[PDB]
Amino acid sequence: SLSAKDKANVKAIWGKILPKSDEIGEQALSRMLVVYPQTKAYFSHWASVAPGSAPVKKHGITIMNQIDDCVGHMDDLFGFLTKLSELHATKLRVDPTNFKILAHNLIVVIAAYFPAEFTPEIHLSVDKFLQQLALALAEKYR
């Protein structure tokens, strides 16, 4: 569970992330695909899985838009994500172990974009946030 202090930490860093949300999304998804190629299994219907390609850019935005919205929903991420959990489970059939892979790459991308602001305390809070978000996407499985 997130503390008050985790939540304040998340919102503060998202203050920096939001203006670069699309680029950050593209970077995170590009890295998950190239660095952890096990994840390409879900995306072969795309025209490309190369970093910065049009499909990767388009979907990076889609992902980040959702995560940006979660930041305003940290009092109940599981409720907020139910429909999205259902979609990944039933329609997309994504092995939920991949959610943490995405989380890891976003953390890498945030550090890279905001090295001064991304202290260990901020990093801890964001990791807590993203792990909960992963758990919430996993909630409606099985």
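Residue positions are given as counts along the sequence shown, with the first one as 1.
Quiz item: As stated in the PDB record, which stretch has the larger average Cα B-factor, 130-138 or 115-123?
Solution: Comparing 130-138 with 115-123, the higher mean C-alpha B-factor belongs to 130-138.
Practice problem: Between 21-29 and 5-13, name whichever shows the higher mean Cα B factor according to the PDB entry. | Solution: That would be 5-13.
Quiz item: For the listed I101, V109, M64, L84, which has the peak Cα B-factor recorded in the PDB entry?
Solution: Result of the comparison over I101, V109, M64, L84: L84.
Exercise. Check the PDB entry and point out which of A41, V56, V34, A89 has the largest C-alpha temperature factor.
Key: Of the options given, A89 has the highest CA B-factor in the PDB entry.
Quiz prompt | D68, C-alpha B-factor rank within chain (lowest, middle or highest third) | solution = As the PDB entry reports it, the C-alpha B-factor of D68 lands in the middle third of its chain.
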